[PDB]
Amino acid sequence: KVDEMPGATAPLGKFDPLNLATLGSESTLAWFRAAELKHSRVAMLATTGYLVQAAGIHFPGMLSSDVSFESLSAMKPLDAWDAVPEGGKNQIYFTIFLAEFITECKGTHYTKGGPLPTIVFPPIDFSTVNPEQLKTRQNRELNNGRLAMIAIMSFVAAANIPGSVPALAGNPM
Amino acid sequence: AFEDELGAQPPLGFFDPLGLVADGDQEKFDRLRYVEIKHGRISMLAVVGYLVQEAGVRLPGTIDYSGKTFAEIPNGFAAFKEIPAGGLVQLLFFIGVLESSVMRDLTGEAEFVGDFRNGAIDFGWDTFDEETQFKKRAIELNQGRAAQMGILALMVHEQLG
Amino acid sequence: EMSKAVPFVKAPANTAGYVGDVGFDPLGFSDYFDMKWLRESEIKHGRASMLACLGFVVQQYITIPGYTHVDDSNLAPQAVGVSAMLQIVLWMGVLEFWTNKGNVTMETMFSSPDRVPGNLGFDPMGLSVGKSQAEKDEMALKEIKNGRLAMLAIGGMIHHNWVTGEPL
Amino acid sequence: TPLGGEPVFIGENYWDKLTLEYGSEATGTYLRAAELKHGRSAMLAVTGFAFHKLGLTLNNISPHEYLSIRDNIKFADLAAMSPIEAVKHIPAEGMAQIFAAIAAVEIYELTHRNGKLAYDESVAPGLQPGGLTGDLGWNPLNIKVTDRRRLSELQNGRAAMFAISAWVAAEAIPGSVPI
Ligand code: CLA
Ligand code: CLA
Ligand SMILES: CCCCCCCCCCCCCCCC(=O)OC[C@H](COP(=O)(O)OC[C@@H](O)CO)OC(=O)CCCCCCCCCCCCCCC
Ligand SMILES: CCCCCCCCCCCCCCCC(=O)OC[C@H](COP(=O)(O)OC[C@@H](O)CO)OC(=O)CCCCCCCCCCCCCCC
Ligand SMILES: CC(=O)O[C@H]1CC(C)(C)C(=C=C/C(C)=C/C=C/C(C)=C/C=C/C=C(C)/C=C/C=C(\C)C(=O)C[C@@]23O[C@]2(C)C[C@@H](O)CC3(C)C)[C@](C)(O)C1
Ligand SMILES: CC(=O)O[C@H]1CC(C)(C)C(=C=C/C(C)=C/C=C/C(C)=C/C=C/C=C(C)/C=C/C=C(\C)C(=O)C[C@@]23O[C@]2(C)C[C@@H](O)CC3(C)C)[C@](C)(O)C1
Ligand SMILES: CC1=C(C#C/C(C)=C/C=C/C(C)=C/C=C/C=C(C)/C=C/C=C(C)/C=C/[C@@]23O[C@]2(C)C[C@@H](O)CC3(C)C)C(C)(C)C[C@H](O)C1
């Protein structure tokens, strides 16, 4: 049921014109739920990770042995991805590769009604937090991700097609 | 006898100038439909062949491995002069296998003669009334009648020039 | 009392309920050996022959890419080597152990009351499933006869080339 | 007694000649299975061809365009030599890999009957009468399995088949209709 779900706010309510929540079973909807939950958290970190990396925040010192943080007083934030060395790019994926495991190896997987993906390290005891005010936050968490999923696509389209975005094309990136 | 059957149609109708079904001298009530349909089916693929096989649309590549292309092969009885004689047998043979193995009543559920498949010229056809059968089985039969006079022309006019 | 096939020697016993039965056993092998093993042999010799009769003819004209066209089928192993040949026969083995649930000798085969000769369980398309007995007997007479023709065939195809030195 | 045919019009024809006189009900299943396999294959092929023609390849859509990684096989060069003359430029290693996945899938469709592989059998589960129904059971996040879905899938299959056949023909030689 789309009623009783965080993510249904005031200006639209149940937003499903093409009826995709009905398209599978209840296990199907739980997969799309934590997809959008995960699509949000990647896009929120990438949108915010685009705005800085563009104003010059600049970690002091050396990233690696000879490829130190000149990647910011230089090439666009969409770049500095091949400038990061391979052993540096490798440990990023593998910390993620580890983090995708505890996410999957809980006692009850979430499409069987289990909990949503939680923090891998330092997991405070969690949302023992007043479930009325818990529902307001999961609306806040998803809506900021909804806005960030659009925004990171704006940032790619501006870096590929100049003039594809009006009040944003006059920005050095 | 067979004045109300398939093929009798205006302006002529039943028109037997030889007295062919006028008796059963060699059981003319059957097989003469089958002998009339069978020649025409050859002729309809022949004339829709031969006119398209005059217009100049060819298969790509070569007829064999030795480089003889299809575009070098002209139309007519001259096309058999540029078929090597090993091809002339196999062109007959697996067609001759069809005469003994698909060109006969195989399953025994034939409503008619030329009735072999039952389901694949069913071209949205099941909806149409039994009368539509008699129409497009006259239209089968009379295309085949008129394509022989097409192909007997287009074989004799080549030799006449 | 007398044989149907050759009517001047006595009729062979213990060949009655079999498909191509015309009483042809003048040397009396069915008197001495188990009849289920002999039938299973004759079907298998026939099926390998029928595949080899297609093979011997189609190999001259079709060749799969990567190999070398050989004019005579008989010279093909030399043109394929030994490694490729051993792979064929060792996998034939693995296909034969799974075939009869591990009962591969003349003492272990036909030790179950099931397991009739030639019934592999092989029928992916559904040919002869749910039909009557006379039709089943008729189609089994065709597999034997075509297999017997192919055994004496695959001799001639192979033998013709032995003398001569050119394809079929 | 088969599944739904043409929606606008229907016609079974060549079906009772093999599922009654020549074969039986077991042949019916097999035929349907084969049809579904072909349909799916055609669909994928169609999509691939479409993508290739359009231009959305690795160079256009991602940061990596070097497929060979030793044989100097970039995506740009393979996207500039059409679709039919590109499959022949694929490195043997890659070909081997692809054949592997397909082989595995086919074997599964052959051994693993229902939930798990069958250890003892005269022949493979799918090599028996009605060995392969058509459905492999692969239904990740399965939305629905109704009587409409199946029909739709089938229709998309035949259509895809025809489409790709036509496409291939046209790349090779004068077809008939436009593209
Ligand atoms: C290629 C794909 C593939 C798949 C998906 C599987 C999957 C499986 N194998 Mg097989 N296997 C494979 C290839 C595959 N195998 C190959 C190439 C070999 C070597 C030749 C084996 C050798 C083998 C052995 C020896 C054994 C298995 C076992 C199993 C099953 C685990 C045992 C069990 O109790 O689960 C049962 C599953 C369920 C109860 C859930 C059923 C739900 C269905 C839908 C299955 C899940 C979907 C399906 C697997 C996905 C395939 C679709 C594909 C497009 C990805 C599991 C279903 C074990 C087994 O099944 O027997 C005890 C086992 O002993 N496998
Ligand atoms: C290899 C793919 C394949 C297979 C196995 C089948 C199999 C089947 N189809 Mg089918 N179909 C296909 C492709 C395929 N089709 C394509 C591309 C289309 C779109 C034109 C259709 C459209 C279609 C309709 C509209 C219907 C079926 C139906 C059926 C079923 C009954 C008909 C029958 O007995 O077989 C058909 C005959 C064969 C499979 C024989 C094989 C063909 C020979 C060997 C070679 C033909 C080559 C040919 C020249 C290729 C060019 C295309 C052609 C149009 C000229 C049967 C399971 C019917 C059904 O579900 O039951 C009522 C049905 O309603 N099909
Ligand atoms: C809690 C359990 C911990 C599990 C460990 C795994 C995650 C560890 C992350 C950090 C590694 C830190 C070790 C420090 C080591 C250190 O920092 O060395 C730095 C080293 C840099 O090497 P370079 O070749 O760049 O250096 C050459 C120059 O340094 C010489 O001039 O980077 C690494 O080797 C990357 C390690 C990635 C390893 C991937 C791990 C395994 C996952 C594989 C799964 C993927 C394939 C399967 C997919 C299905
Ligand atoms: C690369 C190929 C290797 C893949 C192995 C394929 C496994 C075959 C399938 C097993 C049957 C399973 C069916 C039911 C399972 C079953 O119960 O049957 C097991 C089967 C015998 O089964 P039974 O006991 O029912 O047979 C009757 C016995 O009771 C005897 O009276 O023995 C084997 O599995 C042999 C497997 C081949 C072993 C290959 C090893 C090679 C050794 C050869 C040494 C060479 C010496 C050279 C000279 C010096
Ligand atoms: C076209 C043109 O020219 O104009 C431009 C205009 C403009 C405005 C530039 C454009 C834009 C898009 C915008 C403005 C996009 C913004 C997107 C947005 C809103 C991105 C938020 C990310 C949230 C983060 C990072 C939060 C992490 C929060 C983290 C990591 C937490 O710790 C969670 C937290 O809860 C805990 C667990 C503990 C709590 O105690 C509280 C905190 C927070 C600590 C366009 C569309 O591109 C076009
Ligand atoms: C009355 C009448 O008319 O007939 C009746 C009787 C009759 C005819 C028997 C009937 C039937 C059955 C029919 C018509 C069956 C036909 C089935 C048909 C026509 C099946 C095609 C499959 C195509 C495939 C699998 C292609 C895969 C393509 C693949 C796998 C690709 O790789 C594509 C590829 O491009 C990529 C993506 C990338 C490239 O780098 C490489 C290539 C180029 C290879 C009917 C329906 O009952 C009608
Ligand atoms: C809701 C709904 C519908 C819908 C929908 C919609 C709108 C779906 C939209 C989905 C959308 C819009 C999903 C975005 C993903 C973007 C991601 C994951 C960003 C990755 C960013 C990554 C991985 C990081 C990139 C960087 O590392 C790089 C490369 C450089 C570094 O310096 C750092 C940064 C971060 C810059 C329908 C279709 C209308 C039907 C019905 O209504 C149901």
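Labels below follow one simple rule: chain letters A, B, ... track the order of the sequence lines, proteins then strands, and each chain is numbered from 1. Just the heavy atoms: all of them, side chains too, but no hydrogens, waters or symmetry mates, feed the values below.
Minimum heavy-atom separation, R137(B) to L6(B): O-CD2, 3.3 Å. Minimum interatomic distance between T1(D) and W15(D) (heavy atoms only, all atoms of both residues): N-NE1, 4.0 Å. Residues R40(D) and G134(D) come closest through the heavy atom pair NH1-O, 3.1 Å.
Proximity of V105(D) to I102(D): side-chain heavy atoms (C-beta onward) are nowhere separated by under 4.5 Å.
Salt bridge absent: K17(D) and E109(B) never bring a charged side-chain N and a carboxylate O closer than 4.0 Å. Under a 4.0 Å N-O distance rule, the pair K135(B)/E140(B) does not qualify as a salt bridge. Salt bridge absent: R148(C) and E143(C) never bring a charged side-chain N and a carboxylate O closer than 4.0 Å. Ion pairing between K142(C) and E138(C) holds under the 4.0 Å rule for side-chain N and carboxylate O.
For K145(C), the NZ atom is loosely surrounded, since the number of other residues' heavy atoms within 6.0 Å does not exceed 12. Under a cut-off of 6.0 angstrom, the local environment of CD in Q133(B) is crowded, with over 12 non-hydrogen atoms contributed by other residues, nucleotides or ligands. Other residues, nucleotides and ligands place no more than 12 heavy atoms under 6.0 Å from the CD1 atom of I61(D). For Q26(B), the CD atom sits in a loose shell: 12 or fewer heavy atoms of surrounding residues, nucleotides or ligands are nearer than 6.0 Å. By the neighbour-count criterion of 12 heavy atoms within 6.0 Å, atom CE of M161(D) is densely surrounded, having more than that number from other residues, nucleotides or ligands. Within a 6.0 Å sphere centred on CG of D129(B), heavy atoms belonging to other residues, nucleotides or ligands number more than 12.
For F14(B) and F2(B), the ring centers sit 6.0 Å or farther from each other.
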For this session: Starting from the C-alpha separation in whole Å, work towards a yes-or-no answer on salt bridge (charged side-chain N to carboxylate O under 4.0 Å, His left out) for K37(D) and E106(D).
Result: CA-CA 11 Å; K37(D) 233 236 226 354; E106(D) 292 296 68; 3.6 Å; yes

Exercise. Step by step, would you call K53(D) with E171(D) a salt bridge (charged side-chain N to carboxylate O under 4.0 Å, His left out)?
Worked result: CA-CA 11 Å; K53(D) 257 7 194 348; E171(D) 207 89 342; 3.1 Å; yes

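Rounding to the nearest 0.5 Å gives a distance of 8.5 Å between OG1 of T107(B) and CG of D16(D).
Within the cation-pi definition used here (under 6.0 Å to the ring centroid, within 45° of the axis), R104(B) does not qualify as a partner of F116(B).
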